[PDB]
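A.B. asks: What follows is the file upload_5.txt, containing compact mmCIF, C-alpha atoms and all ligand atoms:
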# COMPACT_ATOMS: atom_id res chain seq x y z
CA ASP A 1 104.44 -84.37 -85.02
CA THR A 2 103.37 -87.10 -82.59
CA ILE A 3 100.98 -87.56 -79.70
CA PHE A 4 103.79 -86.46 -77.37
CA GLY A 5 103.94 -83.15 -79.21
CA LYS A 6 100.21 -82.73 -78.56
CA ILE A 7 100.80 -83.46 -74.87
CA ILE A 8 103.61 -80.85 -74.68
CA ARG A 9 101.37 -78.29 -76.35
CA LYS A 10 98.59 -79.12 -73.82
CA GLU A 11 96.21 -80.02 -76.65
CA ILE A 12 95.41 -83.38 -75.11
CA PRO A 13 95.56 -84.22 -71.39
CA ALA A 14 98.12 -86.23 -69.53
CA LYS A 15 98.86 -86.72 -65.84
CA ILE A 16 101.79 -84.31 -65.58
CA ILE A 17 104.35 -84.92 -62.85
CA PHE A 18 106.93 -82.21 -63.63
CA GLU A 19 107.66 -79.59 -66.23
CA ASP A 20 110.42 -77.10 -66.92
CA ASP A 21 111.49 -75.03 -69.94
CA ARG A 22 113.00 -78.02 -71.75
CA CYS A 23 111.21 -81.25 -70.71
CA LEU A 24 107.96 -82.75 -69.46
CA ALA A 25 107.35 -85.77 -67.20
CA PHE A 26 103.96 -87.50 -67.07
CA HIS A 27 102.49 -90.88 -66.23
CA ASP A 28 102.31 -93.40 -69.04
CA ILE A 29 98.81 -94.09 -70.28
CA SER A 30 99.63 -97.82 -70.49
CA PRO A 31 101.47 -98.45 -67.19
CA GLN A 32 103.51 -101.66 -66.94
CA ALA A 33 104.34 -101.24 -63.24
CA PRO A 34 102.64 -99.57 -60.25
CA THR A 35 104.62 -96.46 -61.09
CA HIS A 36 105.34 -95.93 -64.79
CA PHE A 37 106.09 -92.45 -66.15
CA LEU A 38 107.95 -90.85 -69.06
CA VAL A 39 110.34 -87.90 -69.29
CA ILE A 40 110.47 -86.32 -72.74
CA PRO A 41 112.37 -83.34 -74.20
CA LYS A 42 110.35 -80.48 -75.53
CA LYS A 43 112.72 -80.46 -78.51
CA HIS A 44 111.43 -83.00 -81.03
CA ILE A 45 114.25 -85.51 -81.24
CA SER A 46 112.58 -88.41 -83.06
CA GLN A 47 114.81 -91.15 -81.63
CA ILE A 48 118.02 -91.50 -79.65
CA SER A 49 119.95 -92.72 -82.72
CA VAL A 50 119.67 -89.20 -84.25
CA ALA A 51 120.52 -87.27 -81.09
CA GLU A 52 123.33 -84.78 -81.71
CA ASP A 53 126.42 -84.17 -79.60
CA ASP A 54 124.95 -80.78 -78.63
CA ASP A 55 121.99 -82.64 -77.05
CA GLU A 56 124.25 -84.37 -74.51
CA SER A 57 123.31 -82.30 -71.48
CA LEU A 58 119.60 -82.25 -72.43
CA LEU A 59 119.59 -86.06 -72.52
CA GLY A 60 121.29 -86.13 -69.13
CA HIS A 61 118.67 -83.64 -67.92
CA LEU A 62 115.97 -86.17 -68.78
CA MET A 63 117.71 -88.68 -66.51
CA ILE A 64 118.22 -86.24 -63.63
CA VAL A 65 114.54 -85.22 -63.91
CA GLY A 66 113.53 -88.91 -64.02
CA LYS A 67 115.66 -89.51 -60.91
CA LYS A 68 114.01 -86.64 -59.03
CA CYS A 69 110.49 -87.62 -60.09
CA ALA A 70 111.11 -91.23 -58.97
CA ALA A 71 112.19 -89.98 -55.54
CA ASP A 72 109.14 -87.69 -55.30
CA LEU A 73 106.90 -90.62 -56.22
CA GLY A 74 108.34 -92.76 -53.42
CA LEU A 75 110.44 -95.21 -55.47
CA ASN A 76 112.87 -95.81 -52.59
CA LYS A 77 113.35 -99.52 -53.43
CA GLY A 78 114.56 -98.89 -56.97
CA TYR A 79 113.33 -98.58 -60.52
CA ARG A 80 114.35 -99.13 -64.14
CA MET A 81 114.95 -96.44 -66.78
CA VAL A 82 114.44 -97.40 -70.41
CA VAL A 83 114.98 -95.78 -73.80
CA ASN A 84 113.64 -97.73 -76.77
CA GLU A 85 115.12 -97.23 -80.25
CA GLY A 86 113.47 -98.38 -83.46
CA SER A 87 111.65 -101.57 -84.32
CA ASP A 88 113.87 -104.02 -82.44
CA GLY A 89 113.82 -101.68 -79.45
CA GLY A 90 110.03 -101.58 -79.47
CA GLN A 91 109.92 -97.78 -79.75
CA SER A 92 106.20 -96.91 -79.69
CA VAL A 93 106.35 -93.13 -80.39
CA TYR A 94 108.96 -91.35 -82.55
CA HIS A 95 109.68 -88.66 -79.95
CA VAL A 96 112.50 -89.72 -77.68
CA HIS A 97 111.32 -90.67 -74.22
CA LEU A 98 112.89 -91.99 -71.03
CA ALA A 99 110.53 -94.43 -69.33
CA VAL A 100 110.83 -95.00 -65.56
CA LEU A 101 109.19 -98.08 -64.03
CA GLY A 102 109.04 -99.12 -60.40
CA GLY A 103 106.89 -100.15 -57.47
CA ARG A 104 107.47 -103.85 -58.20
CA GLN A 105 110.43 -106.09 -58.83
CA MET A 106 111.68 -105.61 -62.37
CA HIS A 107 112.85 -108.79 -64.03
CA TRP A 108 115.71 -109.95 -66.20
CA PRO A 109 115.99 -109.96 -69.20
CA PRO A 110 114.45 -106.47 -69.65
CA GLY A 111 112.26 -107.58 -72.53
CA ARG B 1 141.29 -95.39 -56.76
CA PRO B 2 140.00 -93.79 -59.99
CA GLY B 3 136.74 -95.56 -60.78
CA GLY B 4 136.09 -97.05 -57.34
CA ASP B 5 136.69 -100.63 -56.30
CA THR B 6 133.70 -102.55 -57.63
CA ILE B 7 134.27 -104.93 -60.54
CA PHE B 8 133.60 -101.96 -62.84
CA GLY B 9 136.36 -99.91 -61.19
CA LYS B 10 138.69 -102.85 -61.70
CA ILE B 11 137.72 -102.98 -65.39
CA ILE B 12 138.31 -99.22 -65.76
CA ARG B 13 141.87 -99.59 -64.44
CA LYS B 14 142.61 -102.68 -66.59
CA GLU B 15 142.94 -104.87 -63.47
CA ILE B 16 140.27 -107.29 -64.72
CA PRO B 17 139.98 -107.93 -68.49
CA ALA B 18 137.05 -106.78 -70.58
CA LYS B 19 136.06 -106.65 -74.25
CA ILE B 20 136.19 -102.91 -74.76
CA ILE B 21 134.23 -101.14 -77.47
CA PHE B 22 134.97 -97.49 -76.73
CA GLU B 23 136.95 -95.52 -74.18
CA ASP B 24 137.39 -91.84 -73.43
CA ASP B 25 138.26 -89.69 -70.45
CA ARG B 26 134.69 -89.85 -69.12
CA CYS B 27 133.37 -93.34 -69.80
CA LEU B 28 133.99 -96.87 -71.00
CA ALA B 29 131.88 -99.23 -73.10
CA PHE B 30 132.41 -102.99 -73.02
CA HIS B 31 130.53 -106.18 -73.81
CA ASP B 32 128.42 -107.79 -71.09
CA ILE B 33 129.68 -111.10 -69.67
CA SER B 34 126.12 -112.52 -69.53
CA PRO B 35 124.45 -111.28 -72.70
CA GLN B 36 120.65 -111.19 -72.81
CA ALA B 37 120.55 -110.27 -76.51
CA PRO B 38 122.77 -111.05 -79.51
CA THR B 39 124.52 -107.75 -78.81
CA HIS B 40 124.59 -106.61 -75.17
CA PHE B 41 127.06 -104.05 -73.87
CA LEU B 42 127.46 -101.62 -71.02
CA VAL B 43 128.47 -97.95 -70.86
CA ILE B 44 129.81 -96.80 -67.50
CA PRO B 45 131.24 -93.51 -66.23
CA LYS B 46 134.85 -93.47 -65.15
CA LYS B 47 133.77 -91.30 -62.21
CA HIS B 48 132.35 -93.62 -59.57
CA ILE B 49 128.66 -93.02 -58.94
CA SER B 50 127.02 -95.80 -56.96
CA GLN B 51 123.51 -95.58 -58.45
CA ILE B 52 121.42 -93.10 -60.41
CA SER B 53 119.38 -92.10 -57.37
CA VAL B 54 122.48 -90.42 -55.85
CA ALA B 55 123.73 -88.76 -59.04
CA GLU B 56 124.31 -85.05 -58.57
CA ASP B 57 122.90 -82.21 -60.66
CA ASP B 58 126.41 -81.56 -62.03
CA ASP B 59 126.48 -85.15 -63.34
CA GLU B 60 123.93 -84.21 -66.04
CA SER B 61 126.45 -83.89 -68.88
CA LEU B 62 128.18 -87.14 -67.88
CA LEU B 63 124.91 -89.08 -67.85
CA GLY B 64 123.92 -87.66 -71.23
CA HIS B 65 127.37 -88.64 -72.46
CA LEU B 66 126.67 -92.26 -71.47
CA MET B 67 123.60 -92.18 -73.74
CA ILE B 68 125.40 -90.51 -76.63
CA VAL B 69 128.20 -93.07 -76.41
CA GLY B 70 125.64 -95.87 -76.16
CA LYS B 71 123.91 -94.79 -79.35
CA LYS B 72 127.24 -94.23 -81.16
CA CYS B 73 128.52 -97.66 -80.15
CA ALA B 74 125.20 -99.23 -81.14
CA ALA B 75 125.60 -97.71 -84.62
CA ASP B 76 129.24 -98.86 -84.87
CA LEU B 77 128.07 -102.37 -83.88
CA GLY B 78 125.50 -102.35 -86.68
CA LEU B 79 122.31 -102.22 -84.59
CA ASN B 80 120.46 -100.41 -87.37
CA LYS B 81 117.16 -102.20 -86.62
CA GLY B 82 117.14 -100.76 -83.09
CA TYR B 83 118.02 -101.48 -79.51
CA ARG B 84 117.01 -100.86 -75.90
CA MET B 85 118.92 -98.81 -73.33
CA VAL B 86 118.37 -99.83 -69.68
CA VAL B 87 119.53 -98.19 -66.45
CA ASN B 88 118.83 -100.38 -63.42
CA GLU B 89 118.49 -98.66 -60.02
CA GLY B 90 118.73 -100.52 -56.71
CA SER B 91 116.93 -103.66 -55.60
CA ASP B 92 113.68 -103.33 -57.59
CA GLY B 93 115.65 -102.21 -60.65
CA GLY B 94 117.76 -105.35 -60.57
CA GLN B 95 121.07 -103.67 -59.71
CA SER B 96 123.84 -105.59 -57.92
CA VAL B 97 126.98 -103.74 -59.07
CA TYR B 98 126.78 -100.37 -57.31
CA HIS B 99 128.51 -98.40 -60.03
CA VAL B 100 126.12 -96.71 -62.50
CA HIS B 101 125.77 -98.60 -65.77
CA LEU B 102 123.77 -98.12 -68.95
CA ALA B 103 123.07 -101.39 -70.77
CA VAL B 104 122.40 -101.48 -74.53
CA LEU B 105 120.67 -104.59 -75.94
CA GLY B 106 119.92 -105.36 -79.56
CA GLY B 107 120.14 -107.86 -82.37
CA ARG B 108 116.70 -109.31 -81.64
CA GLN B 109 113.16 -108.10 -81.10
CA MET B 110 112.86 -106.69 -77.60
CA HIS B 111 109.55 -107.25 -75.83
CA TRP B 112 107.19 -105.25 -73.63
CA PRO B 113 107.13 -104.76 -70.67
CA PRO B 114 110.90 -104.34 -70.25
CA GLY B 115 111.03 -106.84 -67.42
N1 LIG C 201 133.35 -108.74 -65.30
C1 LIG C 201 132.09 -108.33 -65.97
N2 LIG C 201 132.37 -108.08 -67.25
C2 LIG C 201 131.36 -107.69 -68.10
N3 LIG C 201 130.07 -107.57 -67.65
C3 LIG C 201 129.83 -107.81 -66.34
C4 LIG C 201 130.82 -108.19 -65.51
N4 LIG C 201 130.31 -108.38 -64.27
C5 LIG C 201 128.99 -108.12 -64.34
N5 LIG C 201 128.70 -107.78 -65.63
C6 LIG C 201 127.39 -107.45 -66.14
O1 LIG C 201 127.00 -106.01 -65.58
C7 LIG C 201 125.67 -105.96 -65.70
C8 LIG C 201 125.09 -105.30 -64.41
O2 LIG C 201 125.42 -106.16 -63.36
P1 LIG C 201 124.30 -106.36 -62.17
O3 LIG C 201 122.94 -106.75 -62.73
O4 LIG C 201 124.28 -105.16 -61.29
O5 LIG C 201 124.95 -107.58 -61.30
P2 LIG C 201 125.40 -109.02 -61.88
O6 LIG C 201 126.88 -109.00 -62.15
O7 LIG C 201 124.50 -109.50 -62.97
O8 LIG C 201 125.15 -109.78 -60.45
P3 LIG C 201 124.22 -111.12 -60.33
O9 LIG C 201 122.76 -110.88 -60.51
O10 LIG C 201 124.73 -112.18 -61.24
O11 LIG C 201 124.68 -111.48 -58.83
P4 LIG C 201 123.62 -111.61 -57.55
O12 LIG C 201 123.10 -110.21 -57.12
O13 LIG C 201 122.50 -112.62 -57.83
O14 LIG C 201 124.65 -112.24 -56.40
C9 LIG C 201 125.95 -111.82 -56.34
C10 LIG C 201 126.42 -112.16 -54.91
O15 LIG C 201 125.83 -111.36 -54.04
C11 LIG C 201 124.99 -112.24 -53.00
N6 LIG C 201 123.70 -111.59 -52.83
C12 LIG C 201 122.92 -111.06 -53.80
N7 LIG C 201 121.78 -110.59 -53.23
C13 LIG C 201 121.89 -110.84 -51.91
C14 LIG C 201 121.06 -110.59 -50.86
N8 LIG C 201 119.74 -109.95 -50.85
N9 LIG C 201 121.42 -110.95 -49.63
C15 LIG C 201 122.60 -111.57 -49.41
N10 LIG C 201 123.44 -111.83 -50.44
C16 LIG C 201 123.07 -111.45 -51.67
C17 LIG C 201 124.76 -113.36 -53.63
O16 LIG C 201 124.57 -114.55 -52.78
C18 LIG C 201 126.00 -113.58 -54.54
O17 LIG C 201 126.97 -114.17 -53.81
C19 LIG C 201 125.10 -107.38 -65.88
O18 LIG C 201 124.45 -107.53 -67.08
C20 LIG C 201 126.40 -108.25 -65.77
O19 LIG C 201 126.26 -109.48 -66.59
Output the file's structure as structure tokens, nothing else.
Ligand SMILES: Nc1ncnc2c1ncn2[C@@H]1O[C@H](COP(=O)(O)OP(=O)(O)OP(=O)(O)OP(=O)(O)OC[C@H]2O[C@@H](n3cnc4c(N)ncnc43)[C@H](O)[C@@H]2O)[C@@H](O)[C@H]1O

C.D. replies:
Amino acid sequence: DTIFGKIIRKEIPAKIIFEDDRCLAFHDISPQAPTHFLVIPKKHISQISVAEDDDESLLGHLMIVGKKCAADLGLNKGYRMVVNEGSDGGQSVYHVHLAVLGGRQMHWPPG
Amino acid sequence: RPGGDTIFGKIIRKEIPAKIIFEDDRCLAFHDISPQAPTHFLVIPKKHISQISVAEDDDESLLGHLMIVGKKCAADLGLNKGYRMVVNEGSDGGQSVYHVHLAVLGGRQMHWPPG
């Protein structure tokens, strides 16, 4: 279990943007841009490297939900979606998460 | 034309060369021409979608397929210490090629914030 499991279970608070039967979107507690939120599956997939073929449409659902949340939050000028894997990827929580950052110019390289 | 007529559509149809990692009926993975990490590749749909903000609901499986292929290619390329997947959207996201692309970067420590 991780802190994101606690958030899904409503045991600790987060600023929830969207929820359905299979995912949750909420603002990141350590924002790196004026808008910075996460979309996470309710299924506990620890990291993208272990996602199974059967998870394909769920992973795409995270991206469609992230797209819709970004539009609802006014990110008309663009944004960046990020999935971190493992140590080199800087993955901070072992529950897969799609980060969405916008409201400023994002730079290159992306870390 | 299948794939559209950006540079990425030209790569899909073999009109412009690329260093291809994986190809199926839905997507293509190839190495980036301007790598920002020791390994840096792209996964693109063969269906032309200009940018993620106009993807349709019925594109869900295709987008998830880009991520599955990205993680499978990262494993085949030996990125066992990890990697970062990046989808740039529009001006603030840093997008110039208006054909959806998922970038995978690894082979070094990635930093925070991600740009
Ligand atoms: N054949 C290939 N094979 C493998 N990988 C490839 C590839 N081609 C691209 N890639 C890679 O695909 C990934 C995603 O590509 P992108 O990040 O979308 O675009 P890019 O190819 O990196 O364009 P770049 O930043 O260099 O061009 P710019 O807009 O400054 O400027 C481009 C032109 O647009 C003009 N322009 C840009 N912004 C403008 C503006 N606001 N107004 C007027 N003109 C503008 C500029 O003057 C300039 O002439 C990248 O990592 C890239 O390396």

A.B. asks: What does the list of residues within 8 Å of ligand LIG 201 (chain C) look like if you count only C-alpha atoms and all ligand atoms, written as a PDB file with C-alpha atoms, in the frame of the given file?

C.D. replies:
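Final output, out00.pdb:
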ATOM      1  CA  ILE B   7     134.270-104.930 -60.540  1.00  0.00           C
ATOM      2  CA  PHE B   8     133.600-101.960 -62.840  1.00  0.00           C
ATOM      3  CA  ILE B  11     137.720-102.980 -65.390  1.00  0.00           C
ATOM      4  CA  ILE B  16     140.270-107.290 -64.720  1.00  0.00           C
ATOM      5  CA  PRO B  17     139.980-107.930 -68.490  1.00  0.00           C
ATOM      6  CA  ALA B  18     137.050-106.780 -70.580  1.00  0.00           C
ATOM      7  CA  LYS B  19     136.060-106.650 -74.250  1.00  0.00           C
ATOM      8  CA  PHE B  30     132.410-102.990 -73.020  1.00  0.00           C
ATOM      9  CA  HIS B  31     130.530-106.180 -73.810  1.00  0.00           C
ATOM     10  CA  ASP B  32     128.420-107.790 -71.090  1.00  0.00           C
ATOM     11  CA  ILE B  33     129.680-111.100 -69.670  1.00  0.00           C
ATOM     12  CA  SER B  34     126.120-112.520 -69.530  1.00  0.00           C
ATOM     13  CA  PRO B  35     124.450-111.280 -72.700  1.00  0.00           C
ATOM     14  CA  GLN B  36     120.650-111.190 -72.810  1.00  0.00           C
ATOM     15  CA  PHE B  41     127.060-104.050 -73.870  1.00  0.00           C
ATOM     16  CA  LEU B  42     127.460-101.620 -71.020  1.00  0.00           C
ATOM     17  CA  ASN B  88     118.830-100.380 -63.420  1.00  0.00           C
ATOM     18  CA  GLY B  94     117.760-105.350 -60.570  1.00  0.00           C
ATOM     19  CA  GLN B  95     121.070-103.670 -59.710  1.00  0.00           C
ATOM     20  CA  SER B  96     123.840-105.590 -57.920  1.00  0.00           C
ATOM     21  CA  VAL B  97     126.980-103.740 -59.070  1.00  0.00           C
ATOM     22  CA  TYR B  98     126.780-100.370 -57.310  1.00  0.00           C
ATOM     23  CA  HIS B 101     125.770 -98.600 -65.770  1.00  0.00           C
ATOM     24  CA  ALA B 103     123.070-101.390 -70.770  1.00  0.00           C
TER      25      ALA B 103
END

A.B. asks: So the first atom is CA of residue 21 in chain B and the second is CA of residue 83 in chain B; what is the distance between them in Å, to one decimal place?

C.D. replies: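 Between CA of residue 21 in chain B and CA of residue 83 in chain B the gap is 16.3 Å.
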
A.B. asks: Taking into account all atoms listed in the file, which residue in the set B:100, B:12, B:63, B:105 is nearest to chain A?

C.D. replies: B:63

A.B. asks: Could you produce a table of the residues of chain B lying within 7 Å of chain A, with the nearest pair of atoms per residue and their separation in Å rounded to one decimal, using only C-alpha atoms, ordered by chain and increasing residue number, as JSON lines?

C.D. replies:
{"residue": "B:36", "atom": "CA", "partner": "A:109", "partner_atom": "CA", "distance": 6.0}
{"residue": "B:52", "atom": "CA", "partner": "A:67", "partner_atom": "CA", "distance": 6.8}
{"residue": "B:53", "atom": "CA", "partner": "A:67", "partner_atom": "CA", "distance": 5.8}
{"residue": "B:57", "atom": "CA", "partner": "A:64", "partner_atom": "CA", "distance": 6.9}
{"residue": "B:60", "atom": "CA", "partner": "A:60", "partner_atom": "CA", "distance": 4.5}
{"residue": "B:61", "atom": "CA", "partner": "A:57", "partner_atom": "CA", "distance": 4.4}
{"residue": "B:63", "atom": "CA", "partner": "A:60", "partner_atom": "CA", "distance": 4.8}
{"residue": "B:64", "atom": "CA", "partner": "A:60", "partner_atom": "CA", "distance": 3.7}
{"residue": "B:65", "atom": "CA", "partner": "A:56", "partner_atom": "CA", "distance": 5.7}
{"residue": "B:68", "atom": "CA", "partner": "A:56", "partner_atom": "CA", "distance": 6.6}
{"residue": "B:71", "atom": "CA", "partner": "A:49", "partner_atom": "CA", "distance": 5.6}
{"residue": "B:81", "atom": "CA", "partner": "A:88", "partner_atom": "CA", "distance": 5.6}
{"residue": "B:82", "atom": "CA", "partner": "A:86", "partner_atom": "CA", "distance": 4.4}
{"residue": "B:83", "atom": "CA", "partner": "A:89", "partner_atom": "CA", "distance": 4.2}
{"residue": "B:84", "atom": "CA", "partner": "A:84", "partner_atom": "CA", "distance": 4.7}
{"residue": "B:85", "atom": "CA", "partner": "A:83", "partner_atom": "CA", "distance": 5.0}
{"residue": "B:86", "atom": "CA", "partner": "A:82", "partner_atom": "CA", "distance": 4.7}
{"residue": "B:87", "atom": "CA", "partner": "A:81", "partner_atom": "CA", "distance": 4.9}
{"residue": "B:88", "atom": "CA", "partner": "A:80", "partner_atom": "CA", "distance": 4.7}
{"residue": "B:89", "atom": "CA", "partner": "A:78", "partner_atom": "CA", "distance": 5.0}
{"residue": "B:90", "atom": "CA", "partner": "A:78", "partner_atom": "CA", "distance": 4.5}
{"residue": "B:91", "atom": "CA", "partner": "A:78", "partner_atom": "CA", "distance": 5.5}
{"residue": "B:92", "atom": "CA", "partner": "A:105", "partner_atom": "CA", "distance": 4.4}
{"residue": "B:93", "atom": "CA", "partner": "A:79", "partner_atom": "CA", "distance": 4.3}
{"residue": "B:94", "atom": "CA", "partner": "A:106", "partner_atom": "CA", "distance": 6.3}
{"residue": "B:106", "atom": "CA", "partner": "A:88", "partner_atom": "CA", "distance": 6.8}
{"residue": "B:108", "atom": "CA", "partner": "A:88", "partner_atom": "CA", "distance": 6.1}
{"residue": "B:109", "atom": "CA", "partner": "A:88", "partner_atom": "CA", "distance": 4.4}
{"residue": "B:110", "atom": "CA", "partner": "A:111", "partner_atom": "CA", "distance": 5.2}
{"residue": "B:111", "atom": "CA", "partner": "A:111", "partner_atom": "CA", "distance": 4.3}
{"residue": "B:112", "atom": "CA", "partner": "A:111", "partner_atom": "CA", "distance": 5.7}
{"residue": "B:113", "atom": "CA", "partner": "A:32", "partner_atom": "CA", "distance": 6.1}
{"residue": "B:114", "atom": "CA", "partner": "A:110", "partner_atom": "CA", "distance": 4.2}
{"residue": "B:115", "atom": "CA", "partner": "A:110", "partner_atom": "CA", "distance": 4.1}

A.B. asks: Kindly indicate which residue among A:72, A:28, A:19, A:1 lies nearest to residue 44 in chain A, using only C-alpha atoms for the distances.

C.D. replies: A:1

A.B. asks: Which residues come within 7 Å of residue 41 in chain A, counting all atoms listed in the file, excluding same-chain residues fewer than 4 positions away, as a compact mmCIF listing (two decimals) with C-alpha atoms, keeping the file's coordinate frame?

C.D. replies:
# COMPACT_ATOMS: atom_id res chain seq x y z
CA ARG A 22 113.00 -78.02 -71.75
CA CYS A 23 111.21 -81.25 -70.71
CA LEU A 24 107.96 -82.75 -69.46

A.B. asks: From the set B:15, B:26, B:73, B:40, which residue has the shortest atom-to-atom contact distance to residue 59 in chain B, counting only C-alpha atoms?

C.D. replies: B:26

A.B. asks: One decimal, Å: what's the distance from CA of residue 25 in chain A over to CA of residue 49 in chain B, could you say?

C.D. replies: 24.0 Å

A.B. asks: To one decimal place, how far is CA of residue 2 in chain A from CA of residue 74 in chain B in Å?

C.D. replies: 25.0 Å

A.B. asks: Using only C-alpha atoms, pick whichever of B:77, B:44, B:104, B:66 has the shortest atom-to-atom distance to residue 4 in chain B.

C.D. replies: B:44

A.B. asks: Using all atoms listed in the file for the distances, tell me which of B:43, B:1, B:38, B:24 is nearest to residue 70 in chain B.

C.D. replies: B:43

A.B. asks: Pick out the closest residue to residue 2 in chain B from this set: B:67, B:27, B:20, B:55. Count all atoms listed in the file.

C.D. replies: B:27
